[PDB]
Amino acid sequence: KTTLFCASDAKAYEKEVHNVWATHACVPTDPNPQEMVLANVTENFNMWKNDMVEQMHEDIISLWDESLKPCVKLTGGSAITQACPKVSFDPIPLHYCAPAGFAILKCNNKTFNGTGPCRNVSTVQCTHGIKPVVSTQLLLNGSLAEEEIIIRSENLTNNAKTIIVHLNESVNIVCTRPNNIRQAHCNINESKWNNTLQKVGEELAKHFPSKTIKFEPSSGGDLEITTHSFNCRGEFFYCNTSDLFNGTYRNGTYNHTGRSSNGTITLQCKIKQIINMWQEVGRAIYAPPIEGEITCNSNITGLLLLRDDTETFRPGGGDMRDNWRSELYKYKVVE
C-alpha cells in the first residue's frame, strides 16, 4: 500500500556483497522490537497478491545487479559488457519494515495456508529476517512451519499454479565442487528425504483423496528449472534431481524409486557460466569458477511443485517471487 524499508544486521566492514548492499540500502535493526497481539480482530490475507513480495523482488534484483555483475549480459538485442570480479557471496537476513503511519500485520495461526481469514493477528513494525535465497525446485535456508507441513497454492485445481510445500523439519543438503572444474555433487540423507516425502504425500493426499500420489522429475524447460539451480559462494550450481523427485505414495505409504547409495541420494551438479536470468528474459555470462573447494551446507525448508487415477507432481520454480512468498505469506501492510 506504501513503500517499505529494509533493516539488516549488516557490516559496513564485510566485503560480502549482501552486507555491502544492505549497509547502503537498509537501516539497522531495532534491538528488541515491538509486537502487538490482537486475537479478536481476525483478518484476511492473500499471499499470492502481496505488494511486499514485489517490493522485495525489486530489492533483490537491485542487490544482484550491484553484486553479481556478469561479464556479459544479453537482453533482447543489446549486449552489455562489464567487470565481473569474483566476490564473497553469502545471503544475510533482511527485514521489511512499515514506514511511519503504517504497520505490518502478522498472521499468528500456525497452520495458516496463506489465503483467507486468520484469527490470531499481530501488528509489528518489521517482518522477521528473511534470507533472499535464489533457487529453483527446493527452497533453501527458509523458516520451517511450526506444526504440520502446509501446502500453499493460489488455486490447487489450476495445475498451472505453483504449489509451495512448507516443511516442518529441514532436510540437509550438502553441495560441493571438490578441490573437471565444473563438476560437483550434492548429498541428501535418503532416510530423511524418505520421511519428508512420506508426509508431503500425506498432505497432498488430503487435498487429492482418490488419487495415488507420484513424484517425478521435471519434464522440460530451461536448465535453471529442470534442475535444482542455486548460487553457492558466487558460482551457479545446476543439480540433477531425477533421483530426488522419484517415488510413489500409494495407500498411506511412500516408496522411493530414485536410487540412493549407502543410504545417500547423490545429485550430479554442473557449475555454469551462461545463465538464464531470473530477473528478466535474458542471458548472463560469468567468469570460470574460483579454485578451491566450493561447498554450501543448506537446509531444505520447502519445495516448489507443479501438478500435471493418479496425480503426479514435478519440481518447479523459476519465478523468484514464489521464494519470497514462501516467507512473506503471513504478513500484510495496512493503514
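Numbers for residues come from their place in the sequence shown, where the first is 1. In this text, the rigid core denotes the largest set of C-alpha atoms whose superposition between the two forms falls within 1.5 Å.
After a core fit, the C-alpha atoms in 9 other deposited structures of this protein lie farther on average from the shown form in one of 233-241 and 71-79, namely 71-79. In a rigid core superposition of the other structures in 9 other deposited structures of this protein, 94-102 and 252-260 differ in how far their CA atoms stray, and the farther one is 252-260. Per the record, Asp308 and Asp309 are separated by 4 to 9 deposited residues that have no coordinates. Going from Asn158 to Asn159, you skip over nothing: the modelled chain follows the deposited sequence without a break. When 231-239 is weighed against 75-83, 75-83 comes out higher, by mean CA B-factor as recorded in the entry.
Comparing 127-135 with 214-222, the higher mean C-alpha B-factor in the PDB entry belongs to 214-222. Across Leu38, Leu304, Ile60, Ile275, the entry's maximum B-factor at the CA atom is seen for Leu38. Per the PDB entry, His24 shows the highest C-alpha temperature factor of the residues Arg314, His24, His18, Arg321. When the modelled residues of the chain are ordered by their C-alpha B factor, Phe208 lands in the highest third.
Per the deposited record, the Cα B-factor of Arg152 falls in the lowest third when ranked against the other modelled residues of its chain. Placement of the Cα temperature factor of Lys192 within the chain: lowest third of the modelled residues, per the deposited record.
Split the chain's modelled residues into thirds by C-alpha temperature factor. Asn262 is in the highest one. When all modelled residues of the chain are sorted by CA temperature factor, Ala103 is found within the highest third.
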